[PDB]
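Enquirer:
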Amino acid sequence: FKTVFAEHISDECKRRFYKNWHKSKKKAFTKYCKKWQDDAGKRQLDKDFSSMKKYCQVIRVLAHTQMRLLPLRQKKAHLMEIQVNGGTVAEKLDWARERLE
Amino acid sequence: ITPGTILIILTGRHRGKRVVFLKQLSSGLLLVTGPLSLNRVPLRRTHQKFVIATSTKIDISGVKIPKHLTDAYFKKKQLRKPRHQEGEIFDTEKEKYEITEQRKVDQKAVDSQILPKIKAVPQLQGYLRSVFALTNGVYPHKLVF
Amino acid sequence: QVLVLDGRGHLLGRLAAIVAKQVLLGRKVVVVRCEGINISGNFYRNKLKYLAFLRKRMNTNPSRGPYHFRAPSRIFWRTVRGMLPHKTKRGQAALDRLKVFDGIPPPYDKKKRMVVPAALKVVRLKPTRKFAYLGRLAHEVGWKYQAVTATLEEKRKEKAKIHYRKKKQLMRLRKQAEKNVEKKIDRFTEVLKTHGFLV
Amino acid sequence: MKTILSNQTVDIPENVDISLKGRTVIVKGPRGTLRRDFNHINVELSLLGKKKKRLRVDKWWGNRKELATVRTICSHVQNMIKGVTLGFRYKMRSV
Amino acid sequence: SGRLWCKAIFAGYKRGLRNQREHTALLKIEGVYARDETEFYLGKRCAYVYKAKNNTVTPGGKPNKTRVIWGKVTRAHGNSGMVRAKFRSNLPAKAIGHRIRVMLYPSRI
Amino acid sequence: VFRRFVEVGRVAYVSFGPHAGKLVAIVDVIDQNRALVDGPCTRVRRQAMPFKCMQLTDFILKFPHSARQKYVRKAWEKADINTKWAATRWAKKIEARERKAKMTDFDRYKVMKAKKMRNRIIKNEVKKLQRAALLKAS
RNA sequence: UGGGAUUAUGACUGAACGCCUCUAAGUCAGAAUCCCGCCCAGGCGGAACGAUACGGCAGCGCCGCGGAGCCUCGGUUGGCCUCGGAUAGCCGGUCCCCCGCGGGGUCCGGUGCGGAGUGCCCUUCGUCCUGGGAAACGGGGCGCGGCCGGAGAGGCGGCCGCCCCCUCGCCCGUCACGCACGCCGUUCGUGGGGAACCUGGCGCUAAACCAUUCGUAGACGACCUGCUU
RNA sequence: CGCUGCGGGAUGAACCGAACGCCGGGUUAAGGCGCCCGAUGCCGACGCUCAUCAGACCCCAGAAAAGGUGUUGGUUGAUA
Ligand SMILES: [Mg+2]
Ligand SMILES: [Mg+2]
Ligand SMILES: [Mg+2]
Ligand SMILES: [Mg+2]
Ligand SMILES: [Mg+2]
Ligand SMILES: [Mg+2]
Ligand SMILES: [Mg+2]
Ligand SMILES: [Mg+2]
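Line by line, the protein sequences are chains B, E, O, H, f and M.
Residues in the first sequence are numbered consecutively from 102, following the deposited numbering.
Residues in the second sequence are numbered consecutively from 140, following the deposited numbering.
Residues in the third sequence are numbered consecutively from 5, following the deposited numbering.
Residues in the fourth sequence are numbered consecutively from 1, following the deposited numbering.
Residues in the fifth sequence are numbered consecutively from 2, following the deposited numbering.
Residues in the sixth sequence are numbered consecutively from 2, following the deposited numbering.
(1) Determine whether the beta carbon atoms of E/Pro181 and E/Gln246 lie at a separation below 7 Å.
(2) Looking at the secondary structure, which residues open and close the alpha helix (DSSP H) in which B/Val190 lies?
(3) So, is the C-beta of M/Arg4 closer than 7 Å to a C-beta in chain O?
(4) Residues in the same chain with beta-carbon distance under 7 Å from O/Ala142, minus the five sequence neighbours each way, listed in chain order, please.
(5) For chain M, is any of its Cβ atoms less than 7 Å away from the one on E/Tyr266?
(6) Quick check on DSSP: helix, strand or coil for O/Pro76?
(7) Below 8 Å CB to CB, which residues in the same chain sit around O/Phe201 once its five sequence neighbours on both sides are set aside?
(8) Below 7 Å between beta carbons: does that hold for O/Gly107 and O/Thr153?
(9) Would you kindly report the start and end of the unbroken beta strand (DSSP E) that includes E/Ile191?
(10) If E/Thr193 sits next to E/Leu164, beta carbons under 8 Å apart, how far is it from one beta carbon to the other, in whole angstroms?
(11) Give every residue of the same chain whose Cβ lies closer than 7 Å to the Cβ of O/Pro70, excluding the five residues on either side of it in the sequence, and list them in chain order.
(12) Would you be able to state if there are at least three C-beta pairs under 8 Å between the segment 35 to 42 of chain O and the segment 132 to 140 of chain O?
(13) Please determine, among f/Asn55, f/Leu18, f/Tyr51 and f/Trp71, the residue with the shortest C-alpha to C-alpha distance to f/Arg89.
(14) To the nearest angstrom, report how far apart B/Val190 and B/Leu146 are at their CA atoms.
(15) Report yes if the CB atom of E/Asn178 is closer than 7 Å to the CB atom of E/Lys156, and no otherwise.
(16) Suppose you measure from the CA of O/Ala21 to the CA of O/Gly86; what does that come to, to the nearest Å?
(17) Would you mind working out which of f/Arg109, f/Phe11 and f/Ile110 sits nearest f/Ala48, comparing C-alpha positions?
(18) Give the DSSP-derived three-state secondary structure of f/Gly72 in the structure shown.
(19) Taking contact to mean 3 or more Cβ pairs, one atom from each stretch, closer than 8 Å, check whether the segment 6 to 18 of chain H and the segment 29 to 40 of chain M are in contact.
(20) For a contact defined as C-beta to C-beta under 8 Å, what are the partners of O/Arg178 on chain M?
(21) Take O/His90 and list the residues in its own chain whose beta-carbon comes closer than 7 Å to its own, dropping the five residues that flank it on each side.
(22) Using a Cβ-Cβ cut-off of 7 Å, state whether E/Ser200 counts as contacting chain M.
(23) Just how far apart, CA to CA, sit E/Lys258 and M/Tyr72?
(24) E/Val190 and E/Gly173 - do their beta-carbons sit closer together than 7 Å?
(25) Give me the chain M residues within the contact set of E/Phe229, using Cβ-Cβ distance strictly less than 9 Å, ordered along the chain.
(26) Is the CB of E/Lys220 under 7 Å away from at least one CB in chain f?
(27) Mind checking O/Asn50: buried by the 16 CB within 10 Å criterion, or exposed?
(28) Can you tell me which of the three DSSP states E/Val249 falls into?
(29) Which ranges does the alpha helix (DSSP H) cover as unbroken runs of at least 4 residues, wholly within the segment 196 to 281 of chain E, from first to last along the chain?
(30) Taking just the CA atoms, how far does B/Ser151 sit from B/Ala141?
(31) Can you give me the Cβ contacts of H/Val16 inside the same chain, cut-off strictly under 8 Å, excluding the 5 residues immediately before and after it?
(32) Quick check on the DSSP output: what are the complete beta strand (DSSP E) runs of length 3 or more inside the segment 34 to 87 of chain H, in order along the chain?
(33) Can you tell me the Cα-Cα spacing of B/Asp112 and B/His179, whole angstroms?
(34) Is it the case that the segment 76 to 96 of chain f contacts the segment 20 to 34 of chain f, given that we only count it when at least three CB pairs across the two stretches are under 8 Å?
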């Protein structure tokens with residue numbers, strides 16, 4: 102139905118995009134991150150969390166790993182959707198909106 | 140079809156109009172005046188089979204139609220042989236139709252004495268300024284005319 | 005231009021036949037609320053006919069075989085396909101004028117819907133007989149969405165009764181004004197009465 | 001064959017009051033109330049008297065089987081009245 | 002300033018089951034669902050209009066892209082307001098389920 | 002539940018057949034689905050007619066279960082059904098349903114011009130009562 | 001690894017047949033069977049989000065418009081909506097009571113081969129001048145502002161305050177409007193759909209594949225990965 | 001039949017209708033008239049029948065003895 106990303110997304114997560122990180126310009130989420138340090142974006146994003154309280158039943162969260170911390174040759178992170186299971190929709194949005202980033 | 144009846148034309152340029160019937164000539168063709176003020180339709184010849192008769196009538200017996208009005212008078216006049224027979228020509232002798240005065244005189248002298256009888260019926264003008272057509276849910280075999 | 009049919013209280017085959025004819029003749033047809041459809045004969049009788057169809061399948065590769073649709077929408081489709089030349093082109097375009105749904109989606113919840121009296125249950129059967137609902141029957145053979153589709157029709161009804169009270173309010177006002185200004189419209193009322201309107 | 005009419009009747013005592021929305025019976029009395037539907041039989045139910053003294057059930061133009069239902073409705077009603085007026089008690093023993 | 006024609010549907014050719022006689026057609030008219038009410042529409046001219054890639058002549062106009070085939074209504078195909086008709090040049094078979102025009106011209110009303 | 006019965010002396014209306022549009026009475030019952038029938042004052046001989054042909058009216062008469070129809074004429078004219086009958090609304094709906102189909106083209110025009118104005122006024126009135134209620138809703 | 005409807009069977013109430021009866025109407029329990037679940041794959045099957053090409057020439061998006069030309073066909077006012085019953089329904093009053101001005105019920109009044117009728121309803125399509133009479137302030141110059149839902153697949157519309165502008169519906173009086181000389185594809189959705197030519201502002205600056213490397217992968221293709229920081 | 005096509009029998013050597021130059025109009029036979037598929041979209045008539053394997057048109061492509069307070073008709077003999 103709708104989705105939201107945060108304001109700061111480290112590069113090891115952005116390498117999951119960009120098959121060739123070496124000769125790219127790394128211009129991902131550059132314009133989406135400009136409606137966090139803004140006035141209407143604060144009105145624009147927060148008009149959406151209200152919808153999700155009202156027209157949704159299932160909440161899921163995007164998370165990724167920390168691959169610097171390992172000995173492997175790899176640097177790309179792995180993404181996955183995880184389900185939040187609890188009481189009610191409004192709770193889970195508040196729980197997550199705090200736990201973001 | 141009787142003198143005074145009202146008729147729907149449905150083929151020509153003056154199409155789907157409501158007119159008035161005067162009489163039948165000696166060639167099977169009908170004389171029609173959908174009076175020029177209202178319908179913009181003059182004295183013409185029309186065919187009895189490319190028309191509908193309505194059940195709506197008036198009394199016309201007292202009226203003077205001239206003698207000189209004939210199939211010989213409502214005749215087309217073109218096809219002139221004195222031509223170059225060579226060029227981008229051959230419909231170029233003014234290319235057009237222009238009205239005599241005699242027609243005007245005839246239309247006036249008739250509608251002068253037709254038209255007062257029409258206004259003796261109320262609302263009989265809007266019926267003779269309107270235009271007939273078909274729409275949704277109007278099947279013609281059902282509707283009586 | 006476009007024809008819409010509420011299927012609550014109809015019979016399966018008697019509806020389909022009328023549809024297939026119009027569809028071949030250029031018309032575009034839309035069948036709605038296919039879970040309200042009934043069938044002659046009791047439940048057990050009808051369940052077997054469907055289960056016996058589920059045991060027909062190419063032994064060697066049933067990735068290829070008869071495809072056994074479950075939903076009420078797709079069953080009514082699969083029926084009508086039995087009444088058309090679907091293995092020719094004009095047959096195939098006919099199918100593509102038909103749209104079937106289960107429940108009433110948003111385009112069509114604000115349109116008036118037609119009925120056929122010729123395929124209704126109260127008309128074509130005697131009341132001492134048995135019949136079966138196609139919604140229940142799918143649930144037993146693996147239709148998984150009988151339960152939300154219910155909630156959504158409830159919400160629809162909750163809003164339509166709103167609309168009718170407004171419409172029912174306004175009729176009172178339409179009727180009151182008539183008897184107030186009757187003295188002003190007393191003339192145009194008569195001619196209508198003379199020619200078969202308003203009497 | 002078919003026959004034109006069959007009918008049968010049931011009385012009510014003064015203590016009890018019943019009512020009907022067509023083929024939906026409402027009983028009430030000392031020990032509470034009961035509610036039961038008969039919308040699957042196709043009969044005509046009527047209720048006549050001073051404060052609805054007596055009930056009759058009747059049917060028109062029915063076969064052998066369809067006539068068999070008329071007494072069965074009446075039997076249920078006698079049971080419901082008795083229950084709301086007296087109530088049922090069954091005893092069971094162990095062996 | 003409006004429509005002056007009745008509407009119909011081209012349903013198919015005269016046929017048996019395993020044959021055709023393509024030199025006559027069948028027509029389904031609107032509002033007409035009984036044999037008793039077809040005598041109006043007898044003798045009257047039909048037409049099937051279509052648009053082509055090239056420009057063509059027009060009587061009293063400029064060369065638009067339209068084209069026609071003319072007709073004549075003949076008789077009735079049985080109990081239910083179906084009709085038979087014939088044209089000059091037999092129809093194409095891509096016209097099935099499309100719209101033809103029934104005029105009012107040979108009037109006897 | 003039921004209000005109208007099939008009795009001796011029950012009147013009815015014929016909706017389709019040779020005699021459709023005509024009142025008639027019932028005299029005697031032959032079988033499950035047929036009856037002996039008469040209307041003298043509507044030009045309808047004595048004959049048989051099924052039940053699927055006719056609808057039952059709320060009128061009724063008084064005579065025994067077979068007479069010689071001089072008596073039926075009395076009771077008919079006695080109660081003056083004909084005058085009562087056109088009084089009903091049911092009948093006036095039939096009368097009006099006639100006149101619409103008989104309506105010619107000039108008549109069909111004058112109605113157009115009238116129906117128009119009638120609804121201009123009624124809409125323009127309804128607009129006003131809404132405002133009055135919206136401001137008297139306080 | 002978990003459930004649902006039911007078989008064979010055993011029982012409830014209860015007629016026909018005063019009584020009796022697991023059945024005629026109507027109910028209950030019920031299984032290595034059946035269907036689904038968990039589990040495998042994922043449709044000529046959809047969805048949400050991201051970024052969108054200044055190089056020695058380049059190039060695109062949105063808005064607003066003037067002329068044209070190609071190819072593919074349909075069509076010839078519209079109907080913006082209660083739920084449901086059928087051996088019964090609809091409206092009004094809501095006298096009387098229950099659910100948070102709304103809805104539910106009893107009691108009343110009218111209707112019912114449905115006139116609060118799809119056998120229906122709206123909408124008028126000849127234009128123009130002025131010159132009298134009844135009924136009257138409606139709209140908008142892709143106009144001035146916000147409220148929303150819609151969320152089942154909207155691709156959707158609606159109601160109060162202003163800069164301005166105007167006289168349309170019905171009935172009569174007065175004429176004009178190519179009167180194109182009997183005639184076929186006339187008449188509207190239409191600024192239609194898709195490419196190519198196309199006229200000013202407001203905005204834009206990138207990716208995939210190859211070569212190369214790795215081995216959680218591998219017949220070759222494919223797949224997992226790293227390299228101006 | 002073989003030497004012989006055509007309408008009907010879903011299909012088909014022989015079954016039913018009917019035998020052939022190339023075309024226009026009308027009518028039929030045998031079969032049939034929910035949709036495939038031409039035609040009942042008759043306000044068709046009187047009854048029977050419910051099947052937890054229903055029935056459905058000569059040749060023809062599937063079934064018997066015996067049974068049943070299943071239901072509708074009838075005969076005979078008794079009793080009120
Ligand atoms: Mg066109
Ligand atoms: Mg179970
Ligand atoms: Mg059992
Ligand atoms: Mg159970
Ligand atoms: Mg021989
Ligand atoms: Mg053959
Ligand atoms: Mg066979
Ligand atoms: Mg056949």
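Yeah, the Cβ is synthetic: ideal placement off N, Cα and C, and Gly gets one too.
Expert: With the given structure in hand:
(1) Taking the second sequence and counting its residues from 1, the one referred to as residue 181 of chain E is at position 42. Taking the second sequence and counting its residues from 1, the one referred to as residue 246 of chain E is at position 107. Against a cut-off of 7 Å, the Cβ pair of E/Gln246 and E/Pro181 comes out as a contact.
(2) Here the question's residue 190 of chain B lines up with position 89 in the first sequence. Residues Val190 to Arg200.
(3) Here residue 4 of chain M refers to the residue found at position 3 of the sixth sequence. Answer no: the Cβ-Cβ gap between M/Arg4 and chain O never drops below 7 Å.
(4) Here residue 142 of chain O is taken as the residue at index 138 of the third sequence, counted from 1. If the five residues before and after O/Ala142 are omitted, its C-beta is found closer than 7 Å to the C-beta atoms of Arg74, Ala75 and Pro76, all from its own chain and listed in chain order.
(5) Here residue 266 of chain E refers to the residue found at position 127 of the second sequence. Interface annotation, E/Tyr266: in contact with chain M, CB-CB separation under 7 Å.
(6) Counting from one through the third sequence, the residue named residue 76 of chain O turns up at place 72. Under the three-state reduction of DSSP output, O/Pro76 falls in the helix class.
(7) As a working note, residue 201 of chain O is residue 197 in the third sequence. None.
(8) Within the third sequence, the letter at position 103 stands for residue 107 of chain O. Within the third sequence, the letter at position 149 stands for residue 153 of chain O. Yes, they are a contact pair.
(9) Indexing the second sequence from 1 puts residue 191 of chain E at position 52. Where E/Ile191 is concerned, the enclosing beta strand (DSSP E) stretches over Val190 to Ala192.
(10) Position 54 of the second sequence, counting from 1, holds the residue named residue 193 of chain E. Position 25 of the second sequence, counting from 1, holds the residue named residue 164 of chain E. Not a contact, Cβ separation roughly 21 Å.
(11) Here residue 70 of chain O is taken as the residue at index 66 of the third sequence, counted from 1. Within the same chain, O/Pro70 has close Cβ partners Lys60 and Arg61.
(12) A contact exists between the segment 132 to 140 of chain O and the segment 35 to 42 of chain O.
(13) The sequence position of residue 89 of chain f within the fifth sequence is 88, counting from 1. Answer by Cα proximity: f/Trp71.
(14) Numbered from its first residue, the first sequence carries residue 190 of chain B at position 89. Numbered from its first residue, the first sequence carries residue 146 of chain B at position 45. So the two alpha carbons sit approximately 18 Å from each other.
(15) Here residue 178 of chain E refers to the residue found at position 39 when the second sequence is read from its first residue. Here residue 156 of chain E refers to the residue found at position 17 when the second sequence is read from its first residue. The Cβ atoms of E/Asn178 and E/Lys156 sit closer than 7 Å to each other.
(16) Stepping through the third sequence from its first residue, residue 21 of chain O is reached at position 17. Stepping through the third sequence from its first residue, residue 86 of chain O is reached at position 82. Here the C-alpha atom of O/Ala21 lies approximately 10 Å from the C-alpha atom of O/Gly86.
(17) For the purposes of this step, residue 48 of chain f is identified with residue 47 of the fifth sequence, where counting begins at 1. Of the candidates f/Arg109, f/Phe11 and f/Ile110, the residue whose Cα lies closest to the Cα of f/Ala48 is f/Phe11.
(18) Reading the fifth sequence from its first residue, position 71 is the one you call residue 72 of chain f. Three-state result, f/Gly72: strand.
(19) Note that the segment 6 to 18 of chain H does not touch the segment 29 to 40 of chain M; fewer than 3 beta-carbon pairs, one per stretch, sit closer than 8 Å.
(20) Within the third sequence, residue 178 of chain O is the residue found at index 174, counting from 1. Here the neighbours are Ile123 and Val127.
(21) One-based indexing of the third sequence puts residue 90 of chain O at position 86. Taken in chain order, the residues that qualify are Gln96 and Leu99.
(22) Within the second sequence, residue 200 of chain E is the residue found at index 61, counting from 1. Judged by the 7 Å Cβ criterion, E/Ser200 is not in contact with chain M.
(23) Within the second sequence, residue 258 of chain E is the residue found at index 119, counting from 1. Within the sixth sequence, residue 72 of chain M is the residue found at index 71, counting from 1. Put simply, the backbone Cα of E/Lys258 is about 58 Å away from that of M/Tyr72.
(24) Sequence index remark: in the second sequence, residue 173 of chain E carries index 34 (1-based). Sequence index remark: in the second sequence, residue 190 of chain E carries index 51 (1-based). Not a contact, by the Cβ cut-off of 7 Å.
(25) In the second sequence, counting from the first residue as 1, residue 229 of chain E sits at position 90. Residues of chain M with a Cβ closer than 9 Å to the Cβ of E/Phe229 do not exist, since the nearest Cβ in that chain sits about 46 Å away.
(26) Counted from its first residue, the second sequence places residue 220 of chain E at position 81. Chain f contact via Cβ: absent.
(27) The residue you call residue 50 of chain O lines up with position 46 of the third sequence. With 16 or more other Cβ atoms within 10 Å, it is buried.
(28) To locate residue 249 of chain E, count along the second sequence from 1; it is residue 110. Looking at E/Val249 - three-state DSSP - the assignment turns out to be helix.
(29) Fully enclosed alpha helix (DSSP H) runs of 4 or longer: 240 to 257.
(30) Stepping through the first sequence from its first residue, residue 141 of chain B is reached at position 40. Stepping through the first sequence from its first residue, residue 151 of chain B is reached at position 50. One C-alpha to the other measures close to 16 Å.
(31) Looking up residue 16 of chain H in the fourth sequence gives position 16. Correct list, in chain order: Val27, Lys28, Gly29, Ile81, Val84 and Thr85.
(32) The DSSP assignment places complete beta strand (DSSP E) segments of no fewer than 3 residues inside the segment 34 to 87 of chain H at 44 to 48 and 54 to 62, in order along the chain.
(33) The residue you call residue 112 of chain B lines up with position 11 of the first sequence. The residue you call residue 179 of chain B lines up with position 78 of the first sequence. Rounded to whole angstroms, B/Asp112 and B/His179 show a C-alpha spacing of 12 Å.
(34) Touching, yes, given that three or more Cβ pairs across the two stretches are closer than 8 Å.
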